[PDB]
2 protein chains.
Amino acid sequence: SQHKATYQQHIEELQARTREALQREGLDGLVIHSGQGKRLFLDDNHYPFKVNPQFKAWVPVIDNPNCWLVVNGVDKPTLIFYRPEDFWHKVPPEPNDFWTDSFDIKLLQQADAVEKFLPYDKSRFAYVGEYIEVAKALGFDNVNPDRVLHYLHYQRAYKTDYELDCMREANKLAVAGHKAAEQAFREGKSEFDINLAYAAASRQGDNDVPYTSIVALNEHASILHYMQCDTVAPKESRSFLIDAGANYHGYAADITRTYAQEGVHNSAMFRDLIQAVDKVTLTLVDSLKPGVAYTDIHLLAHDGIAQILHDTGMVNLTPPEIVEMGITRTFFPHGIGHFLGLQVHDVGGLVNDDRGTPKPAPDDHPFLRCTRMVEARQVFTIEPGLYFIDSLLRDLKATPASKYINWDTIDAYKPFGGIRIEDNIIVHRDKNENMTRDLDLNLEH
Amino acid sequence: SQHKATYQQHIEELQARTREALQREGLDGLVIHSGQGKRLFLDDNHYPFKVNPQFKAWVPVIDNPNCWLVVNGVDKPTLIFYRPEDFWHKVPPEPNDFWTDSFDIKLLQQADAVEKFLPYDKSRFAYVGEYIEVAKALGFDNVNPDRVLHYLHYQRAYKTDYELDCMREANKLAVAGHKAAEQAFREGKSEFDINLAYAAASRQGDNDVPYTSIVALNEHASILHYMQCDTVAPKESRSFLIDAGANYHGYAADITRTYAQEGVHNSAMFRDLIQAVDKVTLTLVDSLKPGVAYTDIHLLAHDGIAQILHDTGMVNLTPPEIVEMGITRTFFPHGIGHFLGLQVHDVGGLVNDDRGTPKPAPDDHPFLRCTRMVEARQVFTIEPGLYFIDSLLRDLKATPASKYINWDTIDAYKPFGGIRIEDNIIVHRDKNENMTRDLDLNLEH
Ligand SMILES: [Mn+2]
Ligand SMILES: [Mn+2]
Ligand SMILES: [Mn+2]
Ligand SMILES: [Mn+2]
Ligand code: NI
Ligand code: NI
């Protein structure tokens with residue numbers, strides 16, 4: 001509907017960035033490697049193929065190993081495109097799609113035959129890719145140069161119109177999955193079956209999604225990296241946290257919702273806690289504006305969580321006292337969000353400039369993944385949370401801060417695990433676009 | 001029900017094998033590494049963890065990186081068991097299950113802290129694992145010694161009672177998936193949705209199964225490594241080939257079935273072709289007996305396929321002439337089957353002895369994966385096929401053999417793609433156990 005024209009503009013922007021990167025490093029071009037198949041130890045099975053982000057940054061070929069871009073920022077980029085013809089393969093038609101006019105395409109039938117399409121004098125080129133020993137054999141002395149990658153990673157923060165469209169489509173697929181997952185939860189289904197419901201609606205399976213989904217019932221919602229999926233449902237399914245996304249052309253969505261089951265003891269109470277976290281998400285989204293330091297968004301999240309901890313009677317101190325004593329970190333221990341793009345935890349969040357000068361997170365907020373200034377064309381997650389994490393509550397109970405905690409109230413919330421409400425937002429010059437809310441993903445459907 | 005006693009016997013057999021391997025190499029012990037997490041290039045996501053087969057050969061811990069066995073074939077094996085306690089992890093109870101009494105278990109909280117549990121003098125030990133640079137840093141000069149691995153791989157052919165039980169359970173899960181997949185096909189569902197139906201019934205997802213499933217409709221059934229799953233069903237779904245398995249404690253099932261849709265033009269004809277391939281599978285299974293050369297099973301398969309090609313009028317030559325002219329290879333181009341176990345294409349199929357002397361497949365049958373003599377306690381796949389592979393038919397049409405082919409008959413079968421019927425069989429001294437058929441997986445359900 002608009003992708004060919006927007007893609008051609010995307011290519012012009014990438015060519016411009018490539019010219020600058022090449023000037024900084026003193027090179028004539030880059031050779032960008034999609035990757036290779038990875039064989040299991042002692043075995044003939046392979047790992048799922050995961051394309052080099054620097055390759056899919058140019059072209060929506062995400063499922064094809066042994067492909068190579070040769071770019072100089074001036075000429076039409078060369079795409080060496082892997083297309084074996086052995087009888088056991090599904091041989092697709094030669095590439096022909098919205099993107100193909102942008103490239104000089106060379107078909108490669110044998111991965112080991114790639115030298116014939118590469119530059120003769122590689123002294124002037126840098127290989128960009130994971131297979132640094134392969135690049136060495138092929139003759140590249142310059143591999144993954146920091147000046148090039150720091151510059152490209154910095155610019156990756158600013159999405160082109162094409163990229164923003166791809167991210168909108170990824171959000172659409174993810175939202176469909178999310179709505180189906182909520183229904184499956186309310187049907188009493190296991191974590192495993194809820195995940196299949198999400199796959200069925202998003203049309204994305206476990207090796208299509210851009211990160212492994214968190215599908216967590218009851219107390220599992222307190223476990224931030226909960227990776228199991230139980231195949232039997234709990235006797236009582238009272239709460240549900242799902243963190244799951246989708247890919248479109250290699251661009252990610254990254255969405256979290258939390259739910260309370262109708263009819264269980266204290267359902268309304270937990271539901272209202274979810275609603276309070278939701279209001280923090282939306283308030284923080286409104287605080288995103290060009291010029292704001294993203295660290296201030298993180299600190300503002302801690303202020304919101306403190307207000308909830310106070311209002312619910314969980315902590316018998318004033319909101320600023322709850323913050324200043326460090327108590328909010330027990331309940332909200334991770335970062336407020338991060339750049340989103342070709343990678344889920346997208347690149348450039350902890351640098352100050354395009355040369356890679358570090359700007360690390362504060363010491364008391366070590367898991368914050370972005371400290372950049374907010375600007376137009378950036379895409380962010382905003383993901384406040386409030387959890388009842390047994391290990392951190394136990395640590396807290398053994399401190400002097402334990403006397404301010406109403407442990408009866410903690411015990412009432414604890415069986416519901418925790419809460420996170422994560423949206424994906426495009427920052428524009430004069431407004432924000434909450435892709436997730438624009439698709440009518442709120443709190444119950 | 002019987003697993004603790006059978007497992008203890010399994011451990012005694014492994015200790016015996018370990019004593020022999022150690023004697024051949026001149027070592028005092030092995031250090032066997034489960035593996036490590038693999039990070040995506042430039043990213044913080046990880047590949048799905050895949051356990052070292054030599055580790056899961058001892059213990060049913062298949063989802064845990066940074067674990068280490070120390071074995072000498074005499075003492076109770078040491079298991080260094082990874083159990084980090086950081087707040088973001090689901091911390092399970094300390095290991096306690098049927099297998100745990102067999103080990104001296106040392107808990108490891110930090111992967112990089114493993115040196116404290118390893119032998120001081122490593123000169124006498126061999127590391128067995130993928131992370132050979134890690135082993136070098138830790139001080140092992142002996143890594144993956146051929147004498148040890150050739151011996152252990154040879155003995156892996158002969159399954160213990162415990163292993164046979166695990167393989168029976170894997171077959172049970174796979175069969176459940178297979179029956180559900182057939183139903184989904186007959187409902188007109190897409191490849192993608194058929195795969196979800198299989199997951200739902202087997203309770204195994206894309207990263208649980210021991211190989212990526214082939215889920216192929218119509219002409220896709222002719223594509224032996226068909227890896228796509230279309231998300232929209234064809235206008236007419238006339239045929240279905242599914243090659244899919246399951247894991248139980250790291251042991252694989254590996255099953256293929258093919259189906260014809262009721263009511264389509266030429267349905268009965270294709271159905272009858274499936275039935276003829278099925279009769280070849282069953283006849284070949286009866287030919288498996290201790291003392292038989294597995295290569296003779298492969299050649300016997302070619303005789304059966306020739307008989308079908310003759311009987312159907314596809315090829316206007318006598319059955320032995322069809323074989324001797326090489327025509328059967330166009331229709332059945334892969335091997336008749338392979339050892340099955342901890343790995344799908346299980347180890348030791350192409351060696352003559354326990355020192356690794358090669359016994360490669362014949363030149364005219366290069367994809368045959370097993371040339372071993374059949375013996376009791378071995379587990380095999382038997383997987384004859386008959387396909388209509390456009391690339392090979394085109395090659396054939398350009399040869400003098402083209403004049404013997406009834407291309408009208410080929411054109412009638414071609415839209416159905418192809419056929420494979422694969423069972424998993426345990427060879428006993430006096431009989432075979434067809435695990436797959438024992439679970440009532442035949443041709444329509
Ligand atoms: Mn996120
Ligand atoms: Mn997330
Ligand atoms: Mn097989
Ligand atoms: Mn198979
Ligand atoms: Ni368009
Ligand atoms: Ni048992």
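To find a chain, count down the sequence lines: A is the first, B the second, and so on, and within it residues start at 1. These values consider heavy atoms only, across backbone and side chains, with no hydrogens, waters or symmetry-generated copies.
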(request) Select, from B:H46, B:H334, B:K38, the one with the greatest count of heavy-atom pairs under 4.5 Å involving chain A. (result) B:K38
(message) Looking at A:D43 and B:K50, is any side-chain nitrogen of the basic one under 4.0 Å from a carboxylate oxygen of the acidic one?
(response) no
(message) Counting heavy-atom pairs under 4.5 Å with chain A, which one of B:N52, B:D63, B:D390, B:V51 comes out on top?
(response) B:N52
(message) If I compare all heavy atoms of A:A111 with all of A:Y82, which pair ends up nearest, and what's the gap?
(response) N-CE1, 3.8 Å
(message) Looking only at heavy atoms and a cut-off of under 4.5 Å, which of A:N195, A:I389, A:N207 has the most pairs with chain B?
(response) A:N207
(message) What part of A:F192 gets within 4.5 angstrom of chain B, counting heavy atoms only: side chain, backbone, both, or neither?
(response) side chain
(request) Name the region of A:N144, side chain, backbone, both or neither, that has any atom closer than 4.5 Å to a heavy atom of chain B. (result) side chain
(message) Any donor-acceptor pair under 3.5 Å linking the side-chain atoms of A:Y131 with those of A:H33?
(response) no
(message) Given heavy-atom pairs under 4.5 angstrom as the criterion, report whether the side chain, backbone, both or neither of A:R394 touches chain B.
(response) neither
(request) Any chance you could measure A:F367, atom CZ, to A:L224, atom CG, to the nearest 0.5 Å? (result) 9.5 Å
(message) Taking atom NZ as the centre, does B:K172 end up with more than 12 heavy-atom neighbours from other residues, nucleotides or ligands that are less than 6.0 angstrom away?
(response) no
(message) I'd like to know which of B:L392, B:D395, B:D86 tops the heavy-atom pair count under 4.5 Å against chain A.
(response) B:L392
(message) Please classify the contact of A:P48 with chain B as side chain, backbone, both or neither, using a heavy-atom distance under 4.5 Å.
(response) both
(request) Flag the one option from A:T212, A:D193, A:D206, A:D346 with the top tally of heavy-atom pairs under 4.5 Å to chain B. (result) A:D193
(message) Please find the pair of heavy atoms, one from A:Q343 and one from B:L42, that lie closest to each other, and give the distance.
(response) NE2-O, 2.8 Å
(request) Give the intermediate values and the outcome of side chain to side chain donor-acceptor pair (under 3.5 Å) for residues A:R39 and A:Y47. (result) CA-CA 6 Å; A:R39 203 172 44 70; A:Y47 289 90; over 6 Å; no
(request) Please state whether the side chain, the backbone, both or neither of A:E219 comes within less than 4.5 Å of a heavy atom of chain B. (result) neither
(request) Between chain B and each of A:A199, A:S222, A:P210, count heavy-atom pairs under 4.5 Å; write down the option with the most. (result) A:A199
(request) Below 4.5 Å from any heavy atom of chain A, which atoms of B:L196 appear? Answer side chain, backbone, both or neither. (result) both
(request) Starting at CZ of A:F41, measure out to CD of B:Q54 and round the result to the nearest 0.5 Å. (result) 7.0 Å
